[PDB]
Structures are given as structure tokens and as C-alpha cells.
């Protein structure tokens, strides 16, 4: 049986319950083709200049991604489409509040464009967050997901060009002795479609077999505000931050956060007041 497909607009209330059950769901038209085109245009040059993941020039090398992979994070200052349209997506926020209501506020752990060159090999079958958040390995087996990953297609995903593999139900597996490429199904997607998985869903990038096709995706890891993001927005110029909505500012860590505890005392506060009140942080100030 295949990955369930849901309409971003008509099936909005079914998306999280479907992922909680099956560990994966494909959201059709998660982003419009306009947003996809504007995103591709704004990030294009940054993909071209990006060194290899484990470049000796970096003090935080990624030794896991293949040398024919380019990853570009901290998209807020590069892309107006990302910081305005993607960060304020009504679909993303309904799914995240459905998923994370038991914990409280959520933010972006990483928003990155990944481009995978022709003849890129299949990734090993894995769960996300194991190279950054060892704490998630100590959660009780039946603990609600603390992070989820929107894999948004910025180019076509096909069986031939290395569409994502997932194992349905694998987010509930404790015994991993049935893990095999034989147990997987493929996330076939048009640009703007998104594959939504949890931090427990076993998956991998597929093998590029055409030898000519370049595959590109926008990976948005959304997590509870209690977990530290993989990326920092500390160096994002303040005029850019002040052009965002209050909601977008919170997702980038430029606001105080709240837990779901009945008498929550909050996160990233300043003597009982918020970051935004303290710094007198402006919102929606056009550049």
C-alpha cells in the first residue's frame, strides 16, 4: 500500500491524524508554483557557490551527506518567498499546532534547500535528529513526536531521479530487524507537493539512475521550542527580522516561546517579559 495523498486545502484537518497513524503523508500543492519558482530563483546562486558538505573550510563539517550533495540553510536573509510566504503558511501552522499542542510552541529547527547531482547514490535508511539531538533517543517509545520534516519538492520526484523511500508504520517500530529497502514505498511528487514524516519515520533519499536529472527539495524540520535549532538566525540583519510577521519572528527564534504547562513560565524570557517587548521589536516594517 502507497503513501496516503491529501489536498493542502480540502483535507487540511486529516493531514496530522494520517501522519500520526501511517508515519508519512504527501500534501498536494503545499506550496503554489509561483512560490516554488521565486524560491528556486532566490537560492540558485547560493547552491552554485556552496562547498562540499565536509569542506575543510568549515568548522562544522557534515561528514554524512554525499560529496555530490549541496545543502544551504539560513534562508530568511536570501529568500523573500521563504521568510514571507513559507513561514506564514496556514497549512504548515495548522499541522504543527495539531502535532505539538501537548508540548506547546514550535519553531524551525532547520529550513534548508538540498540539491542532489546526477548519479547521486541512495542514502542509508535512517531516522532524522540522531547527529544533532541524542536526547530524542532517550524519549519513551510512545512519546509524541517532538519534530516533523516537510520534504517539499522544488523539482519533480520520480522513481528514476531518486524520489524519497519511506517505511509506513516504521515511526512505531522498536525492533528494527525488518528494516530493508524491500519494506519501502516511494514519494512520487510534482514541484510544490510535500512529503511529511516524523522524527521516528525510517526513510532515505533514492538513487539517481538517469545520470542527467538534478533533484532539488526544501526540507523544513519543525520542532517544539524546547529543542535547540540546528541553524542560527542570530546574524540575520535586524531590518530583515523587522519586515516579518510576529509569527515568522518566533519561528526564527526572535521572540520568547511558551510550553503547554498549565502555569507555563516560558522560554527565552527577560525578567518576566518577552524578547519582543524588551527590545521593542517592530513587525511587518517593509524594506
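Residue numbers count along the first chain shown, from 1.
Visitor: Averaged over C-alpha atoms, is the B-factor higher for 171 to 179 or for 141 to 149 in this PDB entry?
Guide: According to the entry, 171 to 179 carries the higher average C-alpha B-factor.
Visitor: Averaging CA B factors per stretch from the PDB record, which one is higher: 76 to 84 or 123 to 131?
Guide: Mean CA B-factor is higher for 76 to 84.
Visitor: Among 184, 164, 200, 214, which carries the highest Cα B-factor?
Guide: The record points to 214.
Visitor: Taking only the Cα B-factors deposited for this chain, tell me whether residue 228 sits in the lowest, middle or highest third.
Guide: For residue 228, whose C-alpha B-factor we compare with every modelled residue in the chain, the answer is the lowest third.
Visitor: Could you look up the Cα B-factor of residue 269 in the entry and say which third of the chain it sits in: lowest, middle or highest?
Guide: It falls in the bottom third of the chain.
Visitor: Relative to the other modelled residues of the same chain, rank the CA B-factor of residue 118 and answer lowest, middle or highest third.
Guide: It belongs to the highest third of the chain when residues are ordered by C-alpha B-factor.
Visitor: Pull the Cα B-factor of residue 243 out of the PDB entry and bin it into the chain's lowest, middle or highest third.
Guide: Highest third - that is where residue 243 ends up once the chain's C-alpha B-factors are sorted.
Visitor: Going by the CA temperature factor in the PDB record, which third of the chain does residue 249 belong to: lowest, middle or highest?
Guide: Middle third - that is where residue 249 ends up once the chain's C-alpha B-factors are sorted.
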